[PDB]
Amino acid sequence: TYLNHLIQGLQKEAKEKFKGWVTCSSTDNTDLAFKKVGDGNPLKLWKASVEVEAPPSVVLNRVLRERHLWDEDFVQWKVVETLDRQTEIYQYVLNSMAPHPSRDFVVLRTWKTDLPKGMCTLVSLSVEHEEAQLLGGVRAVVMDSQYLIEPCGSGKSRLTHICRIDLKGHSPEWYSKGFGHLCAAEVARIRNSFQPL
């Protein structure tokens, strides 16, 4: 047959050259984008944004201690160990939509509220703990996860989540674009949970 799609070849060629953020279409007023790390790992690094009607340190507490207020799937949670005033081992479970197993998490988080220019950050990465035993389905691997919250406007914040998770056992042809949408919706829910509703 005759149909040259060297086009789809030429895009895949220019993306390989590029090492920064590739933007996406995103619903419900969010900014999505991705990035190939050049890792030797197919998994993309994603970056979602929103403007949220609350000052940074509030938004930070909303992500850090109040996620039952914005995630209907967020089920079992416990601080597993406290390492210092601002770092800990946290363990939660997320329930899954279809008859799948649950995605499970055990993470080192540290957070920071006294950064220059009113900035706050929460950062996470998966670990194992001698006391955090499979609370259900499938251990994920938070390879990267970082919330950057910065002041924009009068008592409002720009919330940005850059992450890269390896849930263990779905298609690479699913984390190609579908995962990004899940990120943009997490960050939209956080926003919604500060709207009189």
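All residue numbers refer to positions in the sequence shown, first residue = 1.
For the pair 107-115 and 88-96, the mean Cα B-factor is higher in 88-96.
Across the two stretches, 168-176 and 45-53, the PDB entry reports the greater mean Cα temperature factor for 168-176. Looking at 102, 82, 121, 124, the one whose CA carries the top B-factor in the deposited record is 102. Residue set 135, 140, 33, 59: peak C-alpha B-factor at 135 (per PDB entry). For residue 144, the recorded CA temperature factor ranks within the middle third of the chain's modelled residues. Sort the modelled residues of the chain by CA B factor and residue 28 lands in the middle third.
Residue 157: CA B factor in the middle third of modelled residues in this chain (values from the PDB entry). In the PDB entry, a CA B factor belonging to the lowest third of its chain's modelled residues is recorded for residue 188. In this PDB entry, residue 39 carries a Cα temperature factor that places it within the highest third of its chain's modelled residues.
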